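Student: Handing you a structure now.
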Amino acid sequence: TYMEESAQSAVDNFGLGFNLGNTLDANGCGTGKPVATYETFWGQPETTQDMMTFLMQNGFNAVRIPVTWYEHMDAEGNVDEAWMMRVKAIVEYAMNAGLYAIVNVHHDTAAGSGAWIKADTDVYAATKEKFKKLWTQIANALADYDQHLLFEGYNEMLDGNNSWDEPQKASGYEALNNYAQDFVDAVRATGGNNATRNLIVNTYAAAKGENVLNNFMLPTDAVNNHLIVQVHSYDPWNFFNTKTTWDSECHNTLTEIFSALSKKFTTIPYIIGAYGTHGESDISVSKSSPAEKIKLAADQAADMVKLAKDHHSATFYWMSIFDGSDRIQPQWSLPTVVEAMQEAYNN
Ligand SMILES: OC[C@H]1O[C@@H](O[C@H]2[C@H](O)[C@@H](O)[C@H](O[C@H]3[C@H](O)[C@@H](O)[C@H](O[C@H]4[C@H](O)[C@@H](O)[C@H](O)O[C@@H]4CO)O[C@@H]3CO)O[C@@H]2CO)[C@H](O)[C@@H](O)[C@@H]1O
Ligand SMILES: [Ca+2]
Ligand SMILES: [Ca+2]
């Protein structure tokens, strides 16, 4: 049964969140393959009900489900039925487990080959109707799920130069803001539960610098309080390689980030939709990292979780805590990181 819930209520209920990363967002094997060829292409197992059940069983209340779509669309932009069914299936696993879930449009943005959604007015002109047709299909396919399911328009939209901090042209922000409006428009048009479903729109690059926040424009929505803004955080950049301890620089960096976010968005809720130790040369923590580096990861995660709580936000860990063959067991990959998160959330 669908029960309308405000965006802030949803965020307040997300609790500890997790990203099912490098899974349905994996891509690159080409078209015309069985669904599992995509889902396992970046070294994750096929997702099962047990994995979602495990998250709920262990103190997590929300899961972000990244999805990359471009190899699953025909020339007209129609989504392959096998692919849409699998997205539906993993969504249902999360719903069954009692979790909140987010479905997005993932490596259709950013620097990967195949990205086609870009913060560039010419790219926007060429792709706007394709983007709306995609969201119309996703919204229709997922329409009957209750308010625990949210839609996120796009992941990490960059300009045509893949500029990670800010677009090289100010009009890049216009394009982004227009995509965000088109996403909301297309979803709302499908009606039913989607008339009041909570929707998530991301900043440029999911970044949070002064210019990016000042040039973000929240879409107009005919219903009240059903929009959430999302940013990501791997800050201070490359700390996993340069630091042995989560020190005052690290702490102050995060406190200042949340201060800036809360002063920008006031009444509009926001989330940290992805965070972790991922730094230069995409190095990140694993269970074979030195103990000191695992502690560094735990301290980051605890700080992120408690600061988000203080700021009426919520957080979603990018991958590392529940990874690879550990998902099959199911067991945590990084139990000390999770213990720190749990302490931070429940106090
Ligand atoms: O380079 C490709 C790589 O980019 C990754 O994203 C990185 C950016 O590259 C990097 O420039 C960015 O650096 C942050 C830095 O970590 C923050 O500590 C610093 O913080 C400010 C904040 O911007 C202010 O809003 C706030 O008020 O104060 C704090 C503290 O002074 O801001 C800079 C950016 O200006 O970090 C990004 C990661 O978060 C991508 O993640 C990766 O995928 C790409 O390959
Ligand atoms: Ca196909
Ligand atoms: Ca607020």
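By order of appearance in the structure tokens: chains A, B, ..., then residues from 1 within every chain, and ligands from 1 in the order shown.
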Which residues come within 9 Å of residue 257 of chain A, counting only C-alpha atoms, excluding same-chain residues fewer than 4 positions away, as a ChimeraX atom specification?

Tutor: /A:208-209,252-253,261-262

Student: I'd like the contact shell of segment 81-85 of chain A - 10 Å cut-off, only C-alpha atoms, skipping same-chain residues fewer than 3 positions apart - returned as JSON, numbers by chain.

Tutor: {"A": [24, 34, 35, 36, 38, 67, 69, 71, 72, 73, 78, 88, 89, 90, 91, 137, 138, 141, 142]}

Student: Now that the selection is made, can you save its residues with N, CA, C and O atoms as an mmCIF file, in the first residue's frame?

Tutor:
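The resulting out_9.cif:
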data_model
loop_
_atom_site.group_PDB
_atom_site.id
_atom_site.type_symbol
_atom_site.label_atom_id
_atom_site.label_comp_id
_atom_site.auth_asym_id
_atom_site.auth_seq_id
_atom_site.Cartn_x
_atom_site.Cartn_y
_atom_site.Cartn_z
ATOM 1 N N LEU A 24 24.559 -3.275 -11.237
ATOM 2 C CA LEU A 24 23.789 -2.945 -12.435
ATOM 3 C C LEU A 24 24.336 -1.701 -13.140
ATOM 4 O O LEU A 24 23.931 -1.389 -14.276
ATOM 5 N N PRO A 34 23.373 -11.786 -22.168
ATOM 6 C CA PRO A 34 22.466 -12.074 -21.045
ATOM 7 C C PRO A 34 22.649 -11.052 -19.936
ATOM 8 O O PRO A 34 23.737 -10.503 -19.802
ATOM 9 N N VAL A 35 21.608 -10.791 -19.160
ATOM 10 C CA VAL A 35 21.688 -9.747 -18.129
ATOM 11 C C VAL A 35 22.871 -9.945 -17.171
ATOM 12 O O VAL A 35 23.542 -8.970 -16.784
ATOM 13 N N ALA A 36 23.150 -11.190 -16.795
ATOM 14 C CA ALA A 36 24.225 -11.440 -15.832
ATOM 15 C C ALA A 36 25.599 -11.049 -16.379
ATOM 16 O O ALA A 36 26.524 -10.796 -15.603
ATOM 17 N N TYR A 38 26.306 -8.314 -17.775
ATOM 18 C CA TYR A 38 26.470 -6.945 -17.305
ATOM 19 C C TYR A 38 26.666 -6.884 -15.797
ATOM 20 O O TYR A 38 27.593 -6.237 -15.301
ATOM 21 N N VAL A 67 22.230 2.108 -11.686
ATOM 22 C CA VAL A 67 21.926 1.380 -12.923
ATOM 23 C C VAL A 67 22.453 2.153 -14.130
ATOM 24 O O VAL A 67 22.177 3.356 -14.279
ATOM 25 N N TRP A 69 22.305 2.346 -18.214
ATOM 26 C CA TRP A 69 21.259 1.979 -19.150
ATOM 27 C C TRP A 69 21.661 1.872 -20.614
ATOM 28 O O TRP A 69 20.954 1.213 -21.361
ATOM 29 N N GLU A 71 23.676 0.344 -22.731
ATOM 30 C CA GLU A 71 23.775 -0.900 -23.507
ATOM 31 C C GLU A 71 22.459 -1.671 -23.538
ATOM 32 O O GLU A 71 22.359 -2.736 -24.164
ATOM 33 N N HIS A 72 21.443 -1.110 -22.894
ATOM 34 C CA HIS A 72 20.147 -1.765 -22.773
ATOM 35 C C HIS A 72 19.039 -0.995 -23.457
ATOM 36 O O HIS A 72 17.871 -1.200 -23.167
ATOM 37 N N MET A 73 19.417 -0.091 -24.349
ATOM 38 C CA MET A 73 18.447 0.682 -25.119
ATOM 39 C C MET A 73 18.627 0.409 -26.616
ATOM 40 O O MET A 73 19.775 0.327 -27.089
ATOM 41 N N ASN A 78 14.227 2.517 -26.552
ATOM 42 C CA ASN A 78 13.390 1.571 -25.821
ATOM 43 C C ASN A 78 14.268 0.675 -24.957
ATOM 44 O O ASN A 78 15.251 0.129 -25.447
ATOM 45 N N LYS A 88 13.662 -4.196 -11.814
ATOM 46 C CA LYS A 88 12.452 -4.453 -11.050
ATOM 47 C C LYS A 88 12.688 -5.518 -9.997
ATOM 48 O O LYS A 88 12.260 -5.379 -8.843
ATOM 49 N N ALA A 89 13.362 -6.593 -10.392
ATOM 50 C CA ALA A 89 13.600 -7.707 -9.467
ATOM 51 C C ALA A 89 14.447 -7.308 -8.252
ATOM 52 O O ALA A 89 14.133 -7.677 -7.120
ATOM 53 N N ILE A 90 15.514 -6.545 -8.481
ATOM 54 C CA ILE A 90 16.389 -6.139 -7.375
ATOM 55 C C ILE A 90 15.685 -5.085 -6.513
ATOM 56 O O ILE A 90 15.815 -5.085 -5.283
ATOM 57 N N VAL A 91 14.925 -4.200 -7.153
ATOM 58 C CA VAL A 91 14.043 -3.308 -6.411
ATOM 59 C C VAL A 91 13.102 -4.103 -5.504
ATOM 60 O O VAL A 91 12.960 -3.789 -4.319
ATOM 61 N N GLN A 137 9.873 5.385 -19.221
ATOM 62 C CA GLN A 137 9.877 3.924 -19.122
ATOM 63 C C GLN A 137 10.208 3.404 -17.723
ATOM 64 O O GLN A 137 9.539 2.492 -17.225
ATOM 65 N N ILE A 138 11.241 3.966 -17.090
ATOM 66 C CA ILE A 138 11.611 3.521 -15.751
ATOM 67 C C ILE A 138 10.467 3.780 -14.782
ATOM 68 O O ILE A 138 10.061 2.888 -14.045
ATOM 69 N N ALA A 141 7.600 1.379 -15.371
ATOM 70 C CA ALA A 141 7.918 0.009 -14.975
ATOM 71 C C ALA A 141 7.927 -0.168 -13.454
ATOM 72 O O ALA A 141 7.579 -1.240 -12.950
ATOM 73 N N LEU A 142 8.313 0.884 -12.733
ATOM 74 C CA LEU A 142 8.460 0.814 -11.279
ATOM 75 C C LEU A 142 7.327 1.511 -10.521
ATOM 76 O O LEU A 142 7.411 1.703 -9.301
#

Student: So that I can see what lies close to segment 94-111 of chain A, please list as JSON, numbers by chain the residues with an atom at most 7 Å from it, counting only C-alpha atoms and leaving out residues fewer than 3 positions away in the same chain.

Tutor: {"A": [14, 25, 52, 53, 56, 61, 62, 63, 64, 65, 66, 67, 68, 69, 70, 90, 91, 114, 115, 116, 117, 118, 148, 149, 150, 151, 152, 153, 154, 155, 156, 157, 158, 162]}

Student: Would you mind exporting N, CA, C and O atoms of the selected residues as a short mmCIF file (atom, residue, chain, number, x, y, z; two decimals), in the first residue's frame?

Tutor:
data_model
loop_
_atom_site.label_atom_id
_atom_site.label_comp_id
_atom_site.auth_asym_id
_atom_site.auth_seq_id
_atom_site.Cartn_x
_atom_site.Cartn_y
_atom_site.Cartn_z
N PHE A 14 16.04 6.92 6.26
CA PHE A 14 17.05 6.17 5.52
C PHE A 14 18.04 5.48 6.45
O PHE A 14 18.51 4.38 6.16
N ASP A 25 25.27 -1.01 -12.48
CA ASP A 25 25.94 0.13 -13.10
C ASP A 25 27.15 -0.31 -13.93
O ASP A 25 27.70 0.49 -14.69
N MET A 52 19.85 -8.20 0.33
CA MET A 52 19.03 -7.11 0.85
C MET A 52 18.57 -7.41 2.27
O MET A 52 18.57 -6.53 3.14
N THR A 53 18.16 -8.66 2.49
CA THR A 53 17.73 -9.11 3.79
C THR A 53 18.86 -8.92 4.80
O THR A 53 18.63 -8.49 5.93
N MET A 56 19.18 -5.17 5.98
CA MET A 56 18.16 -4.83 6.96
C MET A 56 18.42 -5.50 8.30
O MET A 56 18.23 -4.90 9.36
N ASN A 61 19.10 0.74 6.61
CA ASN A 61 17.70 0.92 6.27
C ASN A 61 17.46 1.45 4.85
O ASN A 61 16.33 1.61 4.43
N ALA A 62 18.53 1.63 4.08
CA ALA A 62 18.37 2.14 2.72
C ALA A 62 19.47 1.62 1.81
O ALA A 62 20.61 1.45 2.24
N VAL A 63 19.11 1.37 0.55
CA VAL A 63 20.10 0.90 -0.41
C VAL A 63 19.95 1.73 -1.69
O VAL A 63 18.84 1.98 -2.15
N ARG A 64 21.09 2.17 -2.22
CA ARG A 64 21.12 2.83 -3.52
C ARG A 64 21.54 1.79 -4.54
O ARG A 64 22.52 1.05 -4.35
N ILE A 65 20.74 1.71 -5.60
CA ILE A 65 20.92 0.74 -6.68
C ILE A 65 21.31 1.47 -7.96
O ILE A 65 20.44 1.87 -8.74
N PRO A 66 22.62 1.68 -8.18
CA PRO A 66 23.08 2.32 -9.42
C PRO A 66 22.74 1.48 -10.63
O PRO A 66 22.92 0.27 -10.59
N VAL A 67 22.23 2.11 -11.69
CA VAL A 67 21.93 1.38 -12.92
C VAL A 67 22.45 2.15 -14.13
O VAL A 67 22.18 3.36 -14.28
N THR A 68 23.21 1.46 -14.98
CA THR A 68 23.67 2.03 -16.24
C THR A 68 22.83 1.46 -17.36
O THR A 68 22.62 0.24 -17.43
N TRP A 69 22.31 2.35 -18.21
CA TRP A 69 21.26 1.98 -19.15
C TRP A 69 21.66 1.87 -20.61
O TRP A 69 20.95 1.21 -21.36
N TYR A 70 22.78 2.47 -21.03
CA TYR A 70 23.00 2.70 -22.46
C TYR A 70 23.13 1.42 -23.30
O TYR A 70 22.67 1.39 -24.44
N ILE A 90 15.51 -6.54 -8.48
CA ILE A 90 16.39 -6.14 -7.38
C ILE A 90 15.68 -5.09 -6.51
O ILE A 90 15.81 -5.08 -5.28
N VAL A 91 14.93 -4.20 -7.15
CA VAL A 91 14.04 -3.31 -6.41
C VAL A 91 13.10 -4.10 -5.50
O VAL A 91 12.96 -3.79 -4.32
N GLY A 114 30.54 5.69 -23.46
CA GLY A 114 29.11 5.43 -23.45
C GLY A 114 28.30 6.46 -22.70
O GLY A 114 27.09 6.55 -22.91
N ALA A 115 28.93 7.28 -21.87
CA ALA A 115 28.19 8.36 -21.23
C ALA A 115 27.61 9.28 -22.30
O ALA A 115 28.31 9.66 -23.23
N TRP A 116 26.34 9.64 -22.15
CA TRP A 116 25.64 10.45 -23.14
C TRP A 116 24.86 11.63 -22.54
O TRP A 116 24.40 12.51 -23.25
N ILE A 117 24.71 11.62 -21.22
CA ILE A 117 24.04 12.70 -20.52
C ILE A 117 25.11 13.64 -19.99
O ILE A 117 25.88 13.26 -19.11
N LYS A 118 25.17 14.86 -20.54
CA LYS A 118 26.27 15.77 -20.21
C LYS A 118 25.78 17.20 -19.96
O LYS A 118 24.84 17.67 -20.61
N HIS A 148 8.75 3.63 -0.36
CA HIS A 148 10.12 3.28 -0.02
C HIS A 148 11.05 3.33 -1.22
O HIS A 148 12.28 3.41 -1.05
N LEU A 149 10.48 3.32 -2.42
CA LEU A 149 11.27 3.43 -3.63
C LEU A 149 11.35 4.87 -4.09
O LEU A 149 10.33 5.54 -4.27
N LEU A 150 12.58 5.35 -4.30
CA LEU A 150 12.81 6.68 -4.84
C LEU A 150 13.55 6.59 -6.18
O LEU A 150 14.24 5.59 -6.44
N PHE A 151 13.38 7.61 -7.02
CA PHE A 151 14.11 7.74 -8.29
C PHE A 151 15.13 8.87 -8.20
O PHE A 151 14.84 9.93 -7.65
N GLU A 152 16.32 8.64 -8.78
CA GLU A 152 17.39 9.64 -8.84
C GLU A 152 17.73 9.89 -10.32
O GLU A 152 18.13 8.97 -11.04
N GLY A 153 17.57 11.14 -10.77
CA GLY A 153 17.60 11.46 -12.19
C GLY A 153 18.86 11.10 -12.95
O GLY A 153 18.78 10.62 -14.08
N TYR A 154 20.01 11.33 -12.32
CA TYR A 154 21.33 11.16 -12.96
C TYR A 154 22.40 11.19 -11.87
O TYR A 154 22.25 11.87 -10.84
N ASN A 155 23.51 10.49 -12.10
CA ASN A 155 24.54 10.28 -11.07
C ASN A 155 25.55 11.42 -10.93
O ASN A 155 25.46 12.26 -10.02
N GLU A 156 26.52 11.47 -11.84
CA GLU A 156 27.58 12.46 -11.77
C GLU A 156 27.72 13.13 -13.13
O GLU A 156 28.61 12.79 -13.92
N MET A 157 26.83 14.07 -13.40
CA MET A 157 26.81 14.75 -14.68
C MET A 157 27.98 15.72 -14.79
O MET A 157 28.18 16.57 -13.91
N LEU A 158 28.76 15.58 -15.86
CA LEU A 158 29.90 16.44 -16.13
C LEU A 158 29.72 17.12 -17.47
O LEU A 158 28.86 16.72 -18.27
N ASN A 162 34.53 16.43 -19.29
CA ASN A 162 34.60 15.59 -18.10
C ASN A 162 35.26 16.34 -16.93
O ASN A 162 36.05 15.77 -16.19
#

Student: Counting only C-alpha atoms and all ligand atoms, which residues of chain A fall within 10 Å of ligand 1, and what is the closest atom pair for each with its distance in Å at one decimal, ordered by chain and rising number, as a tab-separated table?

Tutor:
residue	atom	partner	partner_atom_place_in_ligand_line	distance
A:110	CA	ligand 1	43 (O)	8.8
A:111	CA	ligand 1	45 (O)	8.3
A:156	CA	ligand 1	43 (O)	8.8
A:162	CA	ligand 1	2 (C)	8.9
A:163	CA	ligand 1	2 (C)	8.1
A:164	CA	ligand 1	4 (O)	5.4
A:165	CA	ligand 1	11 (O)	5.6
A:166	CA	ligand 1	35 (O)	8.6
A:205	CA	ligand 1	6 (O)	8.1
A:206	CA	ligand 1	39 (O)	8.5
A:207	CA	ligand 1	39 (O)	6.7
A:208	CA	ligand 1	25 (O)	5.0
A:209	CA	ligand 1	25 (O)	4.1
A:210	CA	ligand 1	25 (O)	5.8
A:211	CA	ligand 1	25 (O)	9.0
A:212	CA	ligand 1	25 (O)	8.9
A:213	CA	ligand 1	25 (O)	8.4
A:231	CA	ligand 1	39 (O)	9.1
A:232	CA	ligand 1	39 (O)	6.4
A:233	CA	ligand 1	39 (O)	4.2
A:234	CA	ligand 1	39 (O)	3.8
A:235	CA	ligand 1	16 (O)	3.7
A:236	CA	ligand 1	16 (O)	3.6
A:237	CA	ligand 1	16 (O)	3.7
A:238	CA	ligand 1	16 (O)	7.5
A:239	CA	ligand 1	16 (O)	8.3
A:249	CA	ligand 1	30 (C)	8.6
A:250	CA	ligand 1	18 (O)	7.9
A:251	CA	ligand 1	30 (C)	9.6
A:252	CA	ligand 1	30 (C)	7.2
A:253	CA	ligand 1	30 (C)	4.2
A:254	CA	ligand 1	29 (C)	6.8
A:255	CA	ligand 1	28 (O)	8.0
A:256	CA	ligand 1	27 (O)	4.8
A:257	CA	ligand 1	26 (C)	4.2
A:258	CA	ligand 1	27 (O)	7.6
A:259	CA	ligand 1	27 (O)	7.0
A:260	CA	ligand 1	27 (O)	5.1
A:261	CA	ligand 1	25 (O)	7.7
A:274	CA	ligand 1	41 (O)	9.5
A:275	CA	ligand 1	39 (O)	8.1
A:276	CA	ligand 1	39 (O)	9.3
A:277	CA	ligand 1	38 (C)	9.7
A:278	CA	ligand 1	41 (O)	7.2
A:279	CA	ligand 1	42 (C)	7.1
A:280	CA	ligand 1	45 (O)	7.2
A:281	CA	ligand 1	45 (O)	7.8
A:282	CA	ligand 1	45 (O)	7.1

Student: Got a sec to tell me which of segment 29-276 of chain A DSSP assigns to alpha helix (DSSP H), as a PyMOL selection string?

Tutor: chain A and resi 35-39+49-57+81-96+121-141+171-189+210-214+239-242+248-265

Student: Would you kindly return, as a PyMOL selection string, each protein, DNA or RNA residue with an atom no farther than 9 Å from any atom of segment 190-196 of chain A, considering only C-alpha atoms and excluding same-chain residues fewer than 3 positions away?

Tutor: chain A and resi 2-6+136+139-140+142-147+186-187+199+223-224+226

Student: Please identify all protein, DNA and RNA residues within 6 Å of ligand 3, counting only C-alpha atoms and all ligand atoms, and report them as JSON, numbers by chain.

Tutor: {"A": [262, 266, 267, 269]}

Student: Limited to N, CA and C atoms, could you put the picked residues into a file as a PDB file, in the first residue's frame?

Tutor:
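Once written, result.pdb looks like this:
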ATOM      1  N   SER A 262      24.081  22.741   4.460  1.00  0.00           N
ATOM      2  CA  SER A 262      22.918  23.122   5.241  1.00  0.00           C
ATOM      3  C   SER A 262      22.580  24.600   5.060  1.00  0.00           C
ATOM      4  N   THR A 266      18.862  24.808   3.271  1.00  0.00           N
ATOM      5  CA  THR A 266      17.946  25.052   4.392  1.00  0.00           C
ATOM      6  C   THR A 266      16.824  24.013   4.517  1.00  0.00           C
ATOM      7  N   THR A 267      15.667  24.303   3.922  1.00  0.00           N
ATOM      8  CA  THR A 267      14.475  23.467   4.073  1.00  0.00           C
ATOM      9  C   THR A 267      14.423  22.296   3.101  1.00  0.00           C
ATOM     10  N   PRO A 269      15.761  18.888   1.844  1.00  0.00           N
ATOM     11  CA  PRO A 269      16.672  17.878   2.394  1.00  0.00           C
ATOM     12  C   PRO A 269      17.744  17.470   1.404  1.00  0.00           C
TER      13      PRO A 269
END

Student: When you look at residue 60 of chain A with a cut-off of 8 Å (counting only C-alpha atoms), what residues show up, excluding the ones that are within fewer than 3 positions of it in the same chain? I need them as a VMD selection string.

Tutor: chain A and resid 15 to 18 55 to 57 99

Student: Quick one: residues within 6 Å of residue 315 of chain A, only C-alpha atoms counted, chain neighbours fewer than 5 positions away excluded, as a VMD selection string?

Tutor: chain A and resid 17 271 to 273

Student: Would you kindly return, as a PyMOL selection string, each protein, DNA or RNA residue with an atom no farther than 10 Å from any atom of segment 321-323 of chain A, considering only C-alpha atoms and excluding same-chain residues fewer than 4 positions away?

Tutor: chain A and resi 18-22+43-45+51+55+276+285-287+297-298+317+327-328+330-338

Student: Write out the residues from the selection above, keeping N, CA, C and O atoms, as a tab-separated table (two decimals), in the first residue's frame.

Tutor:
chain	number	residue	atom	x	y	z
A	18	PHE	N	23.63	2.03	1.95
A	18	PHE	CA	24.68	1.31	1.24
A	18	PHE	C	24.44	1.39	-0.27
A	18	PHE	O	23.30	1.31	-0.71
A	19	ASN	N	25.52	1.56	-1.04
A	19	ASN	CA	25.47	1.49	-2.50
A	19	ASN	C	25.80	0.12	-3.04
A	19	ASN	O	26.92	-0.38	-2.79
A	20	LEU	N	24.87	-0.47	-3.78
A	20	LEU	CA	25.11	-1.73	-4.51
A	20	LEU	C	25.92	-1.41	-5.78
A	20	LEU	O	25.45	-1.58	-6.92
A	21	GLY	N	27.14	-0.94	-5.56
A	21	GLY	CA	27.93	-0.37	-6.65
A	21	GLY	C	28.64	-1.41	-7.50
A	21	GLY	O	28.80	-2.57	-7.08
A	22	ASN	N	29.07	-0.99	-8.68
A	22	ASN	CA	29.74	-1.87	-9.66
A	22	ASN	C	28.91	-3.12	-9.98
A	22	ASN	O	29.47	-4.19	-10.24
A	43	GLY	N	32.97	-7.55	-11.52
A	43	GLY	CA	33.47	-8.40	-10.45
A	43	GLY	C	32.59	-8.55	-9.23
A	43	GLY	O	33.07	-9.03	-8.19
A	44	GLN	N	31.33	-8.14	-9.33
A	44	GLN	CA	30.35	-8.40	-8.27
A	44	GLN	C	29.50	-9.62	-8.63
A	44	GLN	O	29.28	-9.89	-9.82
A	45	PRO	N	29.02	-10.36	-7.63
A	45	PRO	CA	28.11	-11.48	-7.86
A	45	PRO	C	26.72	-11.01	-8.28
A	45	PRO	O	26.37	-9.86	-8.03
A	51	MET	N	20.95	-10.77	0.08
A	51	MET	CA	21.82	-9.61	0.25
A	51	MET	C	21.05	-8.41	0.82
A	51	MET	O	21.55	-7.71	1.71
A	55	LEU	N	21.27	-6.65	4.73
A	55	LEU	CA	21.43	-5.23	5.06
A	55	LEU	C	20.46	-4.82	6.16
A	55	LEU	O	20.86	-4.22	7.16
A	276	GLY	N	33.35	7.35	0.48
A	276	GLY	CA	34.27	6.26	0.76
A	276	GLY	C	35.70	6.74	0.69
A	276	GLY	O	35.95	7.95	0.62
A	285	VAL	N	40.08	1.23	0.20
A	285	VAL	CA	40.31	0.25	1.25
A	285	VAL	C	39.73	-1.13	0.90
A	285	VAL	O	38.73	-1.23	0.18
A	286	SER	N	40.39	-2.19	1.37
A	286	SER	CA	39.83	-3.54	1.30
A	286	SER	C	40.17	-4.28	2.58
A	286	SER	O	40.87	-3.74	3.45
A	287	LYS	N	39.69	-5.51	2.72
A	287	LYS	CA	39.92	-6.23	3.96
A	287	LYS	C	41.40	-6.64	4.12
A	287	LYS	O	41.81	-7.05	5.21
A	297	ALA	N	39.43	4.24	7.47
A	297	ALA	CA	38.11	4.12	6.83
A	297	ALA	C	36.98	4.13	7.85
A	297	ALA	O	35.94	4.74	7.62
A	298	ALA	N	37.17	3.46	8.98
A	298	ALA	CA	36.12	3.43	10.01
A	298	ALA	C	35.85	4.84	10.57
A	298	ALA	O	34.69	5.25	10.72
A	317	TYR	N	27.11	4.37	1.85
A	317	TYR	CA	28.52	3.98	1.70
A	317	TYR	C	28.78	3.47	0.29
A	317	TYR	O	28.01	2.66	-0.20
A	327	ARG	N	29.43	-10.68	-0.40
A	327	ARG	CA	27.99	-10.52	-0.60
A	327	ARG	C	27.25	-11.86	-0.67
A	327	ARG	O	26.08	-11.95	-0.30
A	328	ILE	N	27.94	-12.88	-1.16
A	328	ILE	CA	27.37	-14.22	-1.35
A	328	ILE	C	27.15	-14.95	-0.03
A	328	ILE	O	26.25	-15.79	0.09
A	330	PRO	N	26.06	-14.19	3.29
A	330	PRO	CA	26.52	-12.80	3.23
A	330	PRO	C	27.21	-12.43	4.54
A	330	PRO	O	26.76	-12.86	5.61
A	331	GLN	N	28.30	-11.66	4.45
A	331	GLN	CA	28.99	-11.12	5.62
A	331	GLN	C	29.58	-9.77	5.25
A	331	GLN	O	29.86	-9.50	4.08
A	332	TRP	N	29.82	-8.93	6.25
A	332	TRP	CA	30.49	-7.68	5.97
A	332	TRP	C	31.93	-7.91	5.52
A	332	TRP	O	32.61	-8.79	6.04
A	333	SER	N	32.38	-7.11	4.56
A	333	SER	CA	33.78	-7.09	4.18
A	333	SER	C	34.61	-6.35	5.21
A	333	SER	O	35.76	-6.73	5.51
A	334	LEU	N	34.04	-5.27	5.75
A	334	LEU	CA	34.74	-4.41	6.70
A	334	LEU	C	33.93	-4.23	7.98
A	334	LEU	O	33.34	-3.17	8.20
A	335	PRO	N	33.88	-5.27	8.82
A	335	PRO	CA	33.04	-5.21	10.02
A	335	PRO	C	33.43	-4.09	11.00
A	335	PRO	O	32.54	-3.62	11.71
A	336	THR	N	34.69	-3.68	11.04
A	336	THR	CA	35.05	-2.60	11.98
A	336	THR	C	34.51	-1.26	11.49
A	336	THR	O	34.15	-0.39	12.28
A	337	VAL	N	34.45	-1.10	10.17
A	337	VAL	CA	33.90	0.11	9.60
A	337	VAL	C	32.40	0.17	9.90
A	337	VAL	O	31.86	1.21	10.29
A	338	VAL	N	31.72	-0.97	9.73
A	338	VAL	CA	30.29	-1.02	10.01
A	338	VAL	C	29.97	-0.79	11.50
A	338	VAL	O	29.03	-0.04	11.82

Student: Please indicate the distance in Å from atom CA of residue 113 of chain A to atom CA of residue 230 of chain A, rounded to one decimal place.

Tutor: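 Separation of atom CA of residue 113 of chain A and atom CA of residue 230 of chain A: 23.6 Å.
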
Student: Restricting the calculation to only C-alpha atoms: of A:129, A:174, A:12, A:80, which residue gets closest to residue 159 of chain A?

Tutor: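 Comparing A:129, A:174, A:12, A:80 against residue 159 of chain A, the winner is A:174.
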
Student: Give me, please, the distance in Å between atom CA of residue 243 of chain A and atom CA of residue 296 of chain A, quoted to one decimal.

Tutor: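 Distance reported for this atom pair: 8.1 Å.
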
Student: Looking at only C-alpha atoms and all ligand atoms, which of A:311, A:79, A:46, A:27 is the one that sits closest to ligand 2?

Tutor: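 Ranked by minimum distance to ligand 2, first place goes to A:79.
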
Student: What is the atom CA of residue 341 of chain A-atom CA of residue 11 of chain A distance in Å, reported with one decimal?

Tutor: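 Atom-to-atom, atom CA of residue 341 of chain A to atom CA of residue 11 of chain A, that is 16.8 Å.
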